[PDB]
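Chemist: My structure is below; once you've seen it, I'll send some questions.
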Amino acid sequence: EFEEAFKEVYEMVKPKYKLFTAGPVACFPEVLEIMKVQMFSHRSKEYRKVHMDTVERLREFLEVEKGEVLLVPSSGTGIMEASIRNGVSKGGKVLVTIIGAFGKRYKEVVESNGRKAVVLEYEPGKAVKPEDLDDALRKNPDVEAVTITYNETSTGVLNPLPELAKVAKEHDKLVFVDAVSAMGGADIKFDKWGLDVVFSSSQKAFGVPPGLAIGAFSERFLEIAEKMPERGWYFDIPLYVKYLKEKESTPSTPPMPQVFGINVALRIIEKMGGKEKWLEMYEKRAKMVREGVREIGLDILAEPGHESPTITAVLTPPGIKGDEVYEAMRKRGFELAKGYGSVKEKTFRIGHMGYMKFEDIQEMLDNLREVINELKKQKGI
Amino acid sequence: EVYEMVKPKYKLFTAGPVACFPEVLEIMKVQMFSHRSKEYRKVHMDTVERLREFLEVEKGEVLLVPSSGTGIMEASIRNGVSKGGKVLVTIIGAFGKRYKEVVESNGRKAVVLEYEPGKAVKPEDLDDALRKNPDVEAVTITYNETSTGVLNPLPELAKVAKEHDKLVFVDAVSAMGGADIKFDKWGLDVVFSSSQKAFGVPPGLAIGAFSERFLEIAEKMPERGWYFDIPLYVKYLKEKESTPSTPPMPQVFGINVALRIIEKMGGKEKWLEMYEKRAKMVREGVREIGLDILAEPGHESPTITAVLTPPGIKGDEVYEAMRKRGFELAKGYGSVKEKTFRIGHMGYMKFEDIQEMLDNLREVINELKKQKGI
Ligand SMILES: *Cc1c(COP(=O)(O)O)cnc(C)c1O
Ligand SMILES: *Cc1c(COP(=O)(O)O)cnc(C)c1O
Ligand SMILES: [Cl-]
Ligand SMILES: [Cl-]
Ligand code: NA
Ligand code: NA
């Protein structure tokens, strides 16, 4: 009846580019289709069934048996905040490992919530070393938890989580993991690696629209949380666990479309053969992108052996800014990602998450080569 | 596979989420892109601007937040009330109780002014409560209590609060878009809503409006966090025309479509009159069946009605009975979930759909009475 109301907004949001973004990312058509289904009550038997099926699929995917998996109505950073209000004493110290922009965000989340942050920082492109963590924990024995950015989206680096988590546990510390750009793209074995908190978002490796956060919490974390004073209501983890058990839903209204979308995404992974084959696909995309930029004669930021399977930070040739590549590719129909953080000018990024065909990547790379050559000639280099 | 579990199977008269317009559902499936792109910044600001217009906000700030409405309920407390500070929480239903829970769980103290389900807060009672509670920093008001179908006299209540120089926090989750709101004019300091009620958009997004006074306090408020740091959201809106973290883009697009629909129908005035017309139709419809509502005279909600079931009949029975007829109403909520069931009148629903729902409700009531020997 109000076609024009729809058409007016469509003109602003209609598909314009082939997406190689850092999040949100291109969603699979099956996911987009479920996003338009009519709503109904989140307290209904119909919804409770879907909410729980999604949680079950995530417990399987994340290999969680002893801990709890929750769906939260917020972006991933919501659980980042939750980890601090629930698992660290007021004024308590947190050893925040920083290898990029999001490690810095965790620090801000720690401090803004009344906790203290002890930093172990590296230059963009480097990954945290287990030996340095052990060293840091040695001289900072009063810290209660350690945060690890599994996949640093600003640098295209994947931290060696298993080994880092091992070291943290040897010091009997809580392990908090920001896996926003890692979950669904890099493996996570929650119980086995001894993680206490891991969180992610719907709009990265899972290829679902933004609006939902996914969290997994250990028994150890939950025991501390239920006794943690003034942790609030919106991110009261024990409250969420109680609602999941009793009402098979969330305390407040959940982002239903995104939940349906994640369920579809999990079924897609199952259809293709399971988690292993899905992660294999991600590694093949990453490889193709890295090898492709290498052919063009460009270097990447990530140190060898720690390259991200979800995104690559490419260093621009001398005299060219990341923004210039971003804008030039857009004019050719390709949306990459601007550099982020302290390397925003010396790099641009290429995401390889969500709906992405190998042929589209190849086409993107051929256009990038021309963009690079043209910018060089343009500037006389 | 998933479509089977979520496919449409009921005519919706829910308490939230609600039935969304076809236009809104269609925009919900558009492909995503960066929330840091020029394309998204344009849509984010257009939506915020249409909301500032709708809410009549000029001096304050309007924000879109990645959370359900309760998220801003929490934000109001962490940003506008000193730690250990006192808040006068007015309660007339289940959600007033939630605000109380949010106040206490965040380390603040709640002073309660509570009424039995069906009643509305009286400006005179609020005035007396405030005189006896001088240390109170803010007053919370549930504009539209969804569990009882009651609309509080916000303008008059906000008036009293300001007379005592208190901050005015308003839970308008089931009110915004269904009952008028004049932010600047009424002196409100915080008002928040969700996408899944009167606006008829899927859940996942929260809307908030904040006054200069509130922001001044928030900026100096220690340890208010990051996710609900209002001044941070204002800064990102101003500089990045987006949110600090990733926003629920589909729902933002949906709210924009919804606001354009309101415009195309004649504007806010005509939209609100449409809501009152719908509510009046439901109230007379149930009263014609021989039923009464819970809301006290003059405080009937334009978005939802709490209907008292006949003696011997539970609200749940009517809910399940209607479901078998293809109609989805709402179970009673709170301490009256047995004596009442609810009929929401939000989102997409033609007057004819309401009539068809009312006719089936009549047969359902008689069928229930008959099987119960009534
Ligand atoms: C994208 C991202 C975040 C923020 O996720 P949101 O959903 O916007 O809150 C945090 N950490 C990392 C590593 C990310 O890539
Ligand atoms: C539905 C409702 C809420 C909660 O809204 P959410 O989006 O689920 O957080 C709060 N208050 C009232 C009056 C409501 O109707
Ligand atoms: Cl609810
Ligand atoms: Cl961001
Ligand atoms: Na602009
Ligand atoms: Na602006």
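Naming works like this for the structure tokens: A, B, ... for the chains as they're shown, residue 1 at the start of each chain, ligands 1 onward in shown order.
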Considering only C-alpha atoms, tabulate each residue of chain A that lies at most 7 Å from chain B along with its nearest interatomic pair and the corresponding distance in Å to one decimal; arrange the rows by chain and ascending residue number and present them as CSV.

Modeler:
```
residue,atom,partner,partner_atom,distance
A:2,CA,B:261,CA,6.5
A:3,CA,B:23,CA,6.8
A:5,CA,B:260,CA,5.4
A:6,CA,B:23,CA,5.3
A:9,CA,B:257,CA,6.4
A:10,CA,B:27,CA,6.9
A:12,CA,B:43,CA,6.7
A:14,CA,B:30,CA,6.7
A:15,CA,B:31,CA,6.2
A:21,CA,B:34,CA,6.7
A:23,CA,B:34,CA,6.4
A:24,CA,B:34,CA,5.5
A:25,CA,B:33,CA,6.1
A:26,CA,B:32,CA,6.0
A:27,CA,B:31,CA,6.6
A:32,CA,B:29,CA,4.8
A:33,CA,B:29,CA,6.1
A:34,CA,B:3,CA,6.8
A:35,CA,B:29,CA,5.3
A:36,CA,B:25,CA,4.8
A:37,CA,B:7,CA,6.7
A:38,CA,B:8,CA,6.3
A:39,CA,B:19,CA,6.0
A:40,CA,B:17,CA,5.7
A:41,CA,B:17,CA,5.7
A:46,CA,B:5,CA,6.6
A:50,CA,B:5,CA,6.9
A:73,CA,B:67,CA,5.4
A:74,CA,B:67,CA,4.7
A:75,CA,B:246,CA,6.1
A:77,CA,B:245,CA,6.9
A:78,CA,B:227,CA,6.0
A:81,CA,B:227,CA,6.7
A:109,CA,B:226,CA,5.6
A:112,CA,B:225,CA,4.6
A:113,CA,B:225,CA,4.4
A:114,CA,B:223,CA,5.2
A:209,CA,B:32,CA,6.4
A:210,CA,B:248,CA,5.1
A:211,CA,B:248,CA,4.3
A:230,CA,B:106,CA,4.8
A:231,CA,B:106,CA,6.2
A:232,CA,B:106,CA,4.3
A:233,CA,B:102,CA,5.5
A:234,CA,B:71,CA,6.0
A:252,CA,B:68,CA,6.8
A:253,CA,B:68,CA,6.2
A:254,CA,B:204,CA,6.4
A:255,CA,B:204,CA,4.2
A:256,CA,B:203,CA,6.5
A:264,CA,B:2,CA,6.6
```

Chemist: Which residues are close to residue 361 in chain A, i.e. within 10 Å by only C-alpha atoms, leaving aside same-chain residues fewer than 6 positions away? Reply as a PyMOL selection string.

Modeler: chain A and resi 18-20+285+288-289+292+350+352+367

Chemist: Can you list every residue in range 36-220 of chain B that DSSP puts in alpha helix (DSSP H), as a short mmCIF file (atom, residue, chain, number, x, y, z; two decimals) with N, CA, C and O atoms, in the first residue's frame?

Modeler:
```cif
data_model
loop_
_atom_site.label_atom_id
_atom_site.label_comp_id
_atom_site.auth_asym_id
_atom_site.auth_seq_id
_atom_site.Cartn_x
_atom_site.Cartn_y
_atom_site.Cartn_z
N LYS B 38 29.56 5.86 3.69
CA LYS B 38 28.80 7.07 3.44
C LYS B 38 27.33 6.71 3.24
O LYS B 38 26.44 7.45 3.66
N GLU B 39 27.09 5.57 2.60
CA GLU B 39 25.72 5.12 2.35
C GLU B 39 24.96 4.88 3.65
O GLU B 39 23.81 5.29 3.78
N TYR B 40 25.59 4.23 4.61
CA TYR B 40 24.88 3.98 5.86
C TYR B 40 24.70 5.24 6.69
O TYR B 40 23.63 5.46 7.26
N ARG B 41 25.73 6.08 6.75
CA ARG B 41 25.67 7.32 7.52
C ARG B 41 24.49 8.18 7.08
O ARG B 41 23.87 8.87 7.89
N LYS B 42 24.19 8.15 5.79
CA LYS B 42 23.08 8.92 5.24
C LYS B 42 21.75 8.40 5.79
O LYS B 42 20.90 9.19 6.23
N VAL B 43 21.57 7.08 5.78
CA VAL B 43 20.34 6.48 6.28
C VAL B 43 20.22 6.59 7.80
O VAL B 43 19.13 6.82 8.32
N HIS B 44 21.33 6.45 8.50
CA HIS B 44 21.30 6.54 9.96
C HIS B 44 20.83 7.93 10.38
O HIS B 44 19.98 8.07 11.26
N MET B 45 21.38 8.97 9.75
CA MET B 45 21.01 10.33 10.10
C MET B 45 19.59 10.68 9.69
O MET B 45 18.89 11.39 10.41
N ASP B 46 19.16 10.18 8.53
CA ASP B 46 17.80 10.46 8.07
C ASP B 46 16.80 9.89 9.07
O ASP B 46 15.78 10.51 9.38
N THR B 47 17.09 8.70 9.58
CA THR B 47 16.21 8.06 10.56
C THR B 47 16.18 8.88 11.85
O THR B 47 15.12 9.14 12.40
N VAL B 48 17.35 9.28 12.33
CA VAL B 48 17.44 10.08 13.55
C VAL B 48 16.70 11.41 13.36
O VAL B 48 15.98 11.86 14.26
N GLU B 49 16.85 12.02 12.20
CA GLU B 49 16.18 13.28 11.93
C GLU B 49 14.66 13.14 11.92
O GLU B 49 13.95 14.00 12.44
N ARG B 50 14.15 12.06 11.33
CA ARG B 50 12.71 11.83 11.29
C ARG B 50 12.18 11.59 12.71
O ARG B 50 11.05 11.95 13.03
N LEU B 51 13.01 10.98 13.56
CA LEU B 51 12.61 10.73 14.94
C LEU B 51 12.62 12.02 15.76
O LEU B 51 11.76 12.22 16.63
N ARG B 52 13.59 12.90 15.51
CA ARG B 52 13.65 14.17 16.23
C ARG B 52 12.37 14.95 15.92
O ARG B 52 11.79 15.61 16.79
N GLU B 53 11.93 14.85 14.67
CA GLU B 53 10.72 15.53 14.22
C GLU B 53 9.49 14.93 14.89
O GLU B 53 8.65 15.64 15.44
N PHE B 54 9.39 13.60 14.85
CA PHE B 54 8.27 12.87 15.43
C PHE B 54 8.15 13.09 16.94
O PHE B 54 7.05 13.26 17.47
N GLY B 69 14.76 -2.11 24.18
CA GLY B 69 14.47 -0.93 24.96
C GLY B 69 15.02 -0.92 26.37
O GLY B 69 15.41 0.12 26.88
N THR B 70 15.06 -2.08 27.01
CA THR B 70 15.56 -2.16 28.37
C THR B 70 17.01 -1.69 28.46
O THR B 70 17.48 -1.27 29.52
N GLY B 71 17.72 -1.76 27.34
CA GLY B 71 19.11 -1.32 27.34
C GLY B 71 19.21 0.14 27.73
O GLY B 71 20.10 0.53 28.50
N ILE B 72 18.31 0.96 27.21
CA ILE B 72 18.32 2.38 27.54
C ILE B 72 17.76 2.59 28.94
O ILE B 72 18.07 3.57 29.61
N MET B 73 16.93 1.65 29.40
CA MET B 73 16.40 1.73 30.75
C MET B 73 17.64 1.68 31.65
O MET B 73 17.79 2.48 32.58
N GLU B 74 18.56 0.77 31.34
CA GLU B 74 19.79 0.64 32.13
C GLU B 74 20.69 1.87 31.95
O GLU B 74 21.28 2.37 32.91
N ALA B 75 20.77 2.37 30.72
CA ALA B 75 21.59 3.55 30.44
C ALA B 75 21.16 4.76 31.27
O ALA B 75 22.01 5.50 31.77
N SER B 76 19.86 4.96 31.41
CA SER B 76 19.36 6.10 32.16
C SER B 76 19.91 6.12 33.58
O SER B 76 20.27 7.18 34.10
N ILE B 77 19.99 4.95 34.19
CA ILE B 77 20.49 4.84 35.55
C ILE B 77 22.01 4.99 35.66
O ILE B 77 22.49 5.71 36.54
N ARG B 78 22.76 4.33 34.79
CA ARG B 78 24.22 4.42 34.86
C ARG B 78 24.74 5.81 34.52
O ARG B 78 25.80 6.21 35.00
N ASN B 79 24.00 6.53 33.69
CA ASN B 79 24.39 7.86 33.25
C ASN B 79 23.81 9.03 34.04
O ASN B 79 24.47 10.06 34.20
N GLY B 80 22.58 8.89 34.51
CA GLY B 80 21.94 10.00 35.20
C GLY B 80 21.71 10.01 36.70
O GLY B 80 21.18 10.99 37.22
N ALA B 94 4.01 -4.61 35.59
CA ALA B 94 5.23 -5.40 35.47
C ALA B 94 6.48 -4.65 35.04
O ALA B 94 7.57 -4.90 35.56
N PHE B 95 6.35 -3.73 34.10
CA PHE B 95 7.52 -3.02 33.62
C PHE B 95 7.99 -1.91 34.55
O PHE B 95 9.12 -1.45 34.44
N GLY B 96 7.13 -1.51 35.48
CA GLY B 96 7.54 -0.52 36.44
C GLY B 96 8.44 -1.30 37.39
O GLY B 96 9.45 -0.79 37.89
N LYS B 97 8.07 -2.55 37.64
CA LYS B 97 8.84 -3.43 38.51
C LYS B 97 10.20 -3.70 37.87
O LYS B 97 11.21 -3.78 38.57
N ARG B 98 10.24 -3.83 36.55
CA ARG B 98 11.53 -4.05 35.90
C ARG B 98 12.43 -2.83 36.09
O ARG B 98 13.62 -2.98 36.35
N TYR B 99 11.87 -1.63 35.97
CA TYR B 99 12.69 -0.43 36.15
C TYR B 99 13.29 -0.45 37.55
O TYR B 99 14.45 -0.11 37.74
N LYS B 100 12.49 -0.88 38.52
CA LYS B 100 12.96 -0.98 39.90
C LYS B 100 14.14 -1.95 39.95
O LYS B 100 15.15 -1.69 40.61
N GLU B 101 14.00 -3.08 39.26
CA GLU B 101 15.06 -4.09 39.22
C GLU B 101 16.32 -3.52 38.58
O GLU B 101 17.44 -3.78 39.03
N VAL B 102 16.14 -2.75 37.51
CA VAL B 102 17.27 -2.15 36.81
C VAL B 102 17.97 -1.13 37.71
O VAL B 102 19.20 -1.04 37.72
N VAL B 103 17.19 -0.38 38.48
CA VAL B 103 17.76 0.61 39.38
C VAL B 103 18.63 -0.05 40.45
O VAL B 103 19.78 0.34 40.67
N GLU B 104 18.08 -1.06 41.12
CA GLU B 104 18.79 -1.74 42.19
C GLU B 104 19.98 -2.59 41.73
O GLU B 104 21.02 -2.60 42.38
N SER B 105 19.84 -3.29 40.61
CA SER B 105 20.94 -4.12 40.12
C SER B 105 22.14 -3.28 39.68
O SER B 105 23.26 -3.78 39.60
N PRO B 123 -0.77 12.65 39.82
CA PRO B 123 0.16 13.76 40.01
C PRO B 123 0.22 14.21 41.47
O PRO B 123 1.27 14.59 41.97
N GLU B 124 -0.92 14.14 42.15
CA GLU B 124 -1.00 14.55 43.55
C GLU B 124 -0.21 13.59 44.43
O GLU B 124 0.45 14.01 45.38
N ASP B 125 -0.27 12.29 44.12
CA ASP B 125 0.47 11.31 44.90
C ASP B 125 1.96 11.48 44.66
O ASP B 125 2.76 11.36 45.59
N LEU B 126 2.33 11.77 43.42
CA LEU B 126 3.74 11.96 43.07
C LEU B 126 4.29 13.18 43.81
O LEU B 126 5.41 13.16 44.32
N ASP B 127 3.50 14.24 43.85
CA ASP B 127 3.90 15.47 44.52
C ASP B 127 4.19 15.19 46.00
O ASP B 127 5.21 15.62 46.53
N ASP B 128 3.30 14.45 46.64
CA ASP B 128 3.47 14.11 48.05
C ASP B 128 4.69 13.22 48.26
O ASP B 128 5.46 13.43 49.19
N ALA B 129 4.85 12.22 47.40
CA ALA B 129 5.99 11.32 47.51
C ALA B 129 7.31 12.08 47.39
O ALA B 129 8.26 11.81 48.12
N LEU B 130 7.37 13.03 46.46
CA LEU B 130 8.59 13.80 46.26
C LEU B 130 8.88 14.73 47.42
O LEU B 130 10.05 14.96 47.76
N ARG B 131 7.84 15.28 48.04
CA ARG B 131 8.05 16.17 49.18
C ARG B 131 8.66 15.38 50.33
O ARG B 131 9.49 15.90 51.08
N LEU B 154 1.54 11.39 31.45
CA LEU B 154 2.91 11.88 31.39
C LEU B 154 3.13 13.38 31.54
O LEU B 154 3.89 13.82 32.41
N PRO B 155 2.48 14.21 30.70
CA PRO B 155 2.67 15.66 30.81
C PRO B 155 2.50 16.18 32.24
O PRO B 155 3.34 16.92 32.75
N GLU B 156 1.39 15.79 32.87
CA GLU B 156 1.08 16.23 34.22
C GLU B 156 2.05 15.69 35.26
O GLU B 156 2.36 16.38 36.24
N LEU B 157 2.53 14.47 35.06
CA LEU B 157 3.47 13.85 35.99
C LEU B 157 4.85 14.49 35.85
O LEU B 157 5.50 14.79 36.86
N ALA B 158 5.28 14.69 34.61
CA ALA B 158 6.58 15.31 34.35
C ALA B 158 6.56 16.71 34.96
O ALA B 158 7.57 17.18 35.50
N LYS B 159 5.41 17.36 34.88
CA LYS B 159 5.23 18.69 35.43
C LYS B 159 5.58 18.70 36.92
O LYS B 159 6.39 19.50 37.38
N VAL B 160 4.97 17.79 37.67
CA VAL B 160 5.21 17.69 39.10
C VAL B 160 6.68 17.41 39.40
O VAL B 160 7.27 18.04 40.28
N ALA B 161 7.27 16.48 38.66
CA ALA B 161 8.67 16.13 38.87
C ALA B 161 9.56 17.36 38.71
O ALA B 161 10.45 17.60 39.53
N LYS B 162 9.31 18.14 37.66
CA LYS B 162 10.10 19.34 37.42
C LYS B 162 9.91 20.39 38.51
O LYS B 162 10.82 21.16 38.80
N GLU B 163 8.73 20.41 39.11
CA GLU B 163 8.44 21.37 40.18
C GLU B 163 9.35 21.06 41.37
O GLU B 163 9.69 21.95 42.15
N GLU B 212 19.46 18.19 27.55
CA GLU B 212 20.75 18.83 27.79
C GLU B 212 21.16 18.59 29.24
O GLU B 212 22.32 18.32 29.54
N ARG B 213 20.18 18.69 30.14
CA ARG B 213 20.43 18.50 31.57
C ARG B 213 20.97 17.11 31.85
O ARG B 213 21.92 16.94 32.62
N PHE B 214 20.36 16.10 31.23
CA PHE B 214 20.79 14.72 31.42
C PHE B 214 22.21 14.51 30.89
O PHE B 214 23.05 13.92 31.56
N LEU B 215 22.48 15.01 29.69
CA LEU B 215 23.80 14.85 29.09
C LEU B 215 24.90 15.53 29.90
O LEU B 215 26.03 15.03 29.98
N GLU B 216 24.58 16.67 30.50
CA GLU B 216 25.54 17.41 31.31
C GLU B 216 25.97 16.54 32.50
O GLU B 216 27.14 16.47 32.85
N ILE B 217 24.99 15.88 33.09
CA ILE B 217 25.22 15.00 34.23
C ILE B 217 25.98 13.74 33.79
O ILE B 217 26.95 13.33 34.42
N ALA B 218 25.53 13.14 32.69
CA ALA B 218 26.15 11.93 32.17
C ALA B 218 27.63 12.10 31.86
O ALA B 218 28.44 11.21 32.14
N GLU B 219 27.99 13.24 31.28
CA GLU B 219 29.38 13.51 30.92
C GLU B 219 30.32 13.49 32.12
O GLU B 219 31.50 13.16 31.97
N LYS B 220 29.81 13.83 33.29
CA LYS B 220 30.62 13.83 34.50
C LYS B 220 30.38 12.62 35.39
O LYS B 220 31.02 12.48 36.43
#
```

Chemist: Rounded to one decimal in Å, what is the spacing between CA of residue 89 in chain A and CA of residue 115 in chain A?

Modeler: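 That distance, rounded to one decimal, is 7.5 Å.
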
Chemist: Please give me, as a PyMOL selection string, the residues lying within 8 Å of ligand 6 when counting only C-alpha atoms and all ligand atoms.

Modeler: chain B and resi 45+237-241

Chemist: Output C-alpha atoms of each residue in that selection to a file, as a tab-separated table (two decimals), in the first residue's frame.

Modeler:
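Generated output (selection_39.tsv):
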```tsv
chain	number	residue	atom	x	y	z
B	45	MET	CA	21.01	10.33	10.10
B	237	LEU	CA	26.49	10.41	16.10
B	238	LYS	CA	27.98	13.88	15.69
B	239	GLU	CA	31.33	12.76	14.28
B	240	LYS	CA	30.64	9.41	12.61
B	241	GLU	CA	26.89	9.68	12.02
```

Chemist: What does the distance from CA of residue 189 in chain A to CA of residue 303 in chain A come to in Å, to one decimal?

Modeler: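 Between CA of residue 189 in chain A and CA of residue 303 in chain A the gap is 24.1 Å.
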
Chemist: List the spatial neighbours of residue 87 in chain A as a ChimeraX atom specification - criterion: any atom at most 8 Å away, only C-alpha atoms, same-chain residues fewer than 5 positions off excluded.

Modeler: /A:221-222,224-225,228

Chemist: Would you list the contacts of residue 298 in chain A as a ChimeraX atom specification, taking every protein, DNA or RNA residue within 9 Å and counting only C-alpha atoms, but skipping same-chain residues closer than 5 positions in sequence?

Modeler: /A:293,314-317

Chemist: Would you output that residue set with N, CA, C and O atoms, as a compact mmCIF listing (two decimals), in the first residue's frame?

Modeler:
```txt
# COMPACT_ATOMS: atom_id res chain seq x y z
N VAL A 293 47.37 -10.72 -3.27
CA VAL A 293 47.96 -9.41 -3.03
C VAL A 293 49.47 -9.49 -3.16
O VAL A 293 50.13 -8.53 -3.54
N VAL A 314 46.34 -4.94 4.17
CA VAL A 314 47.35 -4.76 3.13
C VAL A 314 48.04 -3.40 3.24
O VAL A 314 47.38 -2.37 3.36
N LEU A 315 49.36 -3.41 3.20
CA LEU A 315 50.14 -2.18 3.28
C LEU A 315 50.16 -1.54 1.90
O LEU A 315 50.48 -2.20 0.91
N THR A 316 49.81 -0.26 1.83
CA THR A 316 49.81 0.44 0.55
C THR A 316 51.22 0.81 0.14
O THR A 316 52.11 0.96 0.98
N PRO A 317 51.46 0.94 -1.17
CA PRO A 317 52.79 1.31 -1.66
C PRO A 317 53.14 2.69 -1.11
O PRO A 317 52.25 3.46 -0.76
```

Chemist: Write out as a list in words which residues come within 8 Å of range 181-184 of chain A when counting only C-alpha atoms, dropping same-chain ones fewer than 4 positions away.

Modeler: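 Near range 181-184 of chain A, the qualifying residues are residues 150, 151, 152, 153, 188, 199, 200, 201, 204, 205, 206, 279 and 310 of chain A.
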
Chemist: Pick from B:153, B:326, B:93, B:332: nearest to ligand 2, with only C-alpha atoms and all ligand atoms counted?

Modeler: B:93

Chemist: Counting only C-alpha atoms, which of B:182, B:59, B:299, B:197 gets nearest to residue 122 in chain B?

Modeler: B:299

Chemist: Of the residues B:336, B:242, B:373, B:318, which is the one nearest to ligand 5, using only C-alpha atoms and all ligand atoms?

Modeler: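 Using only C-alpha atoms and all ligand atoms, the shortest distance to ligand 5 belongs to B:242.
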
Chemist: Using only C-alpha atoms, which of B:294, B:55, B:112, B:62 sits nearest residue 177 in chain B?

Modeler: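 Closest to residue 177 in chain B, using only C-alpha atoms: B:55.
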